[PDB]
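Visitor: This structure is in structure tokens; I'll ask about it shortly.
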Amino acid sequence: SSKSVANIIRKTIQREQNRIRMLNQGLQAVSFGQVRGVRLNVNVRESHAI
Amino acid sequence: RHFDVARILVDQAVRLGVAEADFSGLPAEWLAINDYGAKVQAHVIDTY
Amino acid sequence: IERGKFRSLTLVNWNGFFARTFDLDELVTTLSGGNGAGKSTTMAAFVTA
Ligand SMILES: Nc1ncnc2c1ncn2[C@@H]1O[C@H](COP(=O)(O)OP(=O)(O)OP(=O)(O)O)[C@@H](O)[C@H]1O
Ligand SMILES: [Mg+2]
């Protein structure tokens, strides 16, 4: 059961990472003050990968 | 109208290069620019 | 009588301010500039001092 759990979480995380990374390109270097672009960083947490 | 002029001019002038003296640590003076008591503090704009 | 006054404020080697002095007005001093110009940074310098 534990193995299966870990597996499904891994799959879900990968799918969502991919979806968000694809979405990121929906932004076109907005200009706000010294801010030149906005982005979302998605990364699995090694503390959780362990 | 003088004030509404000064402002605009400065807005146009500060986009054109910088003033090199500003890195010298020597403060600039308040030069009078008309009668009635108007003053300005800015170093000369040298580096375009 | 004759209230003391803050005359000037000096910033040294800050982000965007290597060396900048402002002459404090006796009544009102008005900073003006675009977003991120660093006005909040100036008031910060004051209060920290
Ligand atoms: N601690 C900090 N670390 C990194 N950048 C900073 C820091 N504090 C300010 N900045 C940047 O310095 C610049 C000045 O910010 P600041 O908010 O003072 O500007 P401003 O034009 O006065 O705007 P505001 O009206 O929001 O105060 C901006 O780019 C801000 O992102
Ligand atoms: Mg600010």
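Within each chain, counting starts at residue 1; across the structure tokens, chains are named A, B, ... in the order shown, with ligands numbered 1 upward in that order.
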Kindly work out which residues sit at most 9 Å from ligand 1, using only C-alpha atoms and all ligand atoms, and give the list as a list in words.
Guide: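 Final answer, ordered by chain and number: residues 33, 34 and 35 of chain A; 15, 16, 31, 32, 33, 34, 35, 36, 37, 38, 39, 40, 41, 42, 43 and 44 of chain C.
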Visitor: Skip residue 7 (chain C) itself and residues of its chain fewer than 6 positions away, then list as a ChimeraX atom specification all residues within 10 Å of it, counting only C-alpha atoms.
Guide: /C:22-26
Visitor: Which of chain B counts as strand (DSSP E or B) under DSSP, as a PyMOL selection string please?
Guide: chain B and resi 18+30-34+38-41+47
Visitor: Using N, CA, C and O atoms, can you write the selected residues to a file as a JSON list (two decimals), in the first residue's frame?
Guide:
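The result, stored in out_36.json:
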```json
[["chain", "number", "residue", "atom", "x", "y", "z"],
["B", 18, "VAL", "N", 23.44, 61.41, -17.04],
["B", 18, "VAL", "CA", 23.63, 61.63, -15.61],
["B", 18, "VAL", "C", 24.61, 62.78, -15.41],
["B", 18, "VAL", "O", 25.19, 63.32, -16.35],
["B", 30, "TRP", "N", 22.10, 75.53, -4.28],
["B", 30, "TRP", "CA", 20.75, 75.92, -4.70],
["B", 30, "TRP", "C", 20.84, 77.20, -5.52],
["B", 30, "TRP", "O", 20.85, 78.31, -4.99],
["B", 31, "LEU", "N", 20.97, 77.03, -6.83],
["B", 31, "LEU", "CA", 21.08, 78.14, -7.76],
["B", 31, "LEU", "C", 19.70, 78.76, -7.98],
["B", 31, "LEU", "O", 18.73, 78.04, -8.23],
["B", 32, "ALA", "N", 19.61, 80.08, -7.87],
["B", 32, "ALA", "CA", 18.36, 80.76, -8.19],
["B", 32, "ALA", "C", 18.12, 80.76, -9.69],
["B", 32, "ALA", "O", 19.04, 80.97, -10.49],
["B", 33, "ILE", "N", 16.87, 80.51, -10.09],
["B", 33, "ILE", "CA", 16.50, 80.43, -11.50],
["B", 33, "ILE", "C", 15.48, 81.47, -11.91],
["B", 33, "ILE", "O", 15.02, 81.44, -13.05],
["B", 34, "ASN", "N", 15.13, 82.40, -11.04],
["B", 34, "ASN", "CA", 14.23, 83.50, -11.40],
["B", 34, "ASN", "C", 14.14, 84.42, -10.19],
["B", 34, "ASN", "O", 14.74, 84.17, -9.14],
["B", 38, "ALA", "N", 12.92, 81.42, -6.41],
["B", 38, "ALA", "CA", 12.90, 80.02, -6.82],
["B", 38, "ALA", "C", 14.33, 79.51, -6.89],
["B", 38, "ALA", "O", 15.23, 80.22, -7.33],
["B", 39, "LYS", "N", 14.53, 78.26, -6.46],
["B", 39, "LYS", "CA", 15.87, 77.73, -6.35],
["B", 39, "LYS", "C", 15.89, 76.30, -6.87],
["B", 39, "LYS", "O", 14.87, 75.61, -6.88],
["B", 40, "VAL", "N", 17.07, 75.86, -7.30],
["B", 40, "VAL", "CA", 17.23, 74.52, -7.86],
["B", 40, "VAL", "C", 18.56, 73.94, -7.39],
["B", 40, "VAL", "O", 19.56, 74.65, -7.34],
["B", 41, "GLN", "N", 18.58, 72.65, -7.10],
["B", 41, "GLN", "CA", 19.80, 71.97, -6.69],
["B", 41, "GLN", "C", 20.04, 70.79, -7.62],
["B", 41, "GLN", "O", 19.33, 69.78, -7.53],
["B", 47, "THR", "N", 27.53, 63.19, -18.52],
["B", 47, "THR", "CA", 27.63, 61.87, -19.14],
["B", 47, "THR", "C", 26.31, 61.51, -19.81],
["B", 47, "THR", "O", 25.35, 61.12, -19.14]]
```
Visitor: Determine which residues of chain C sit within 8 Å of chain B, taking into account only C-alpha atoms, and present them as number ranges by chain.
Guide: C: 18-21
Visitor: Which distance in Å separates CA of residue 14 (chain C) and CA of residue 45 (chain C), to one decimal?
Guide: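 If I compute the distance from CA of residue 14 (chain C) to CA of residue 45 (chain C), I get 9.1 Å.
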Visitor: What does the distance between CA of residue 39 (chain A) and CA of residue 27 (chain A) come to in Å, to one decimal place?
Guide: 7.6 Å
Visitor: Tell me, which residues of region 4-46 of chain B carry DSSP alpha helix (DSSP H), written as JSON, numbers by chain?
Guide: {"B": [4, 5, 6, 7, 8, 9, 10, 11, 12, 13]}
Visitor: Go ahead and write the selection's residues with C-alpha atoms as a compact mmCIF listing (two decimals), in the first residue's frame.
Guide:
```
# COMPACT_ATOMS: atom_id res chain seq x y z
CA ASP B 4 4.28 73.70 -13.75
CA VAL B 5 7.06 74.51 -16.21
CA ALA B 6 10.04 73.72 -14.00
CA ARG B 7 8.72 70.27 -13.13
CA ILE B 8 8.10 69.34 -16.76
CA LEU B 9 11.52 70.53 -17.87
CA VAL B 10 13.20 68.50 -15.15
CA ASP B 11 11.16 65.47 -16.15
CA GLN B 12 12.53 65.90 -19.65
CA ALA B 13 16.09 66.71 -18.57
```
Visitor: Which value, in Å to one decimal, gives the distance between CA of residue 15 (chain A) and CA of residue 3 (chain A)?
Guide: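 Computing it gives 18.7 Å between the two atoms.
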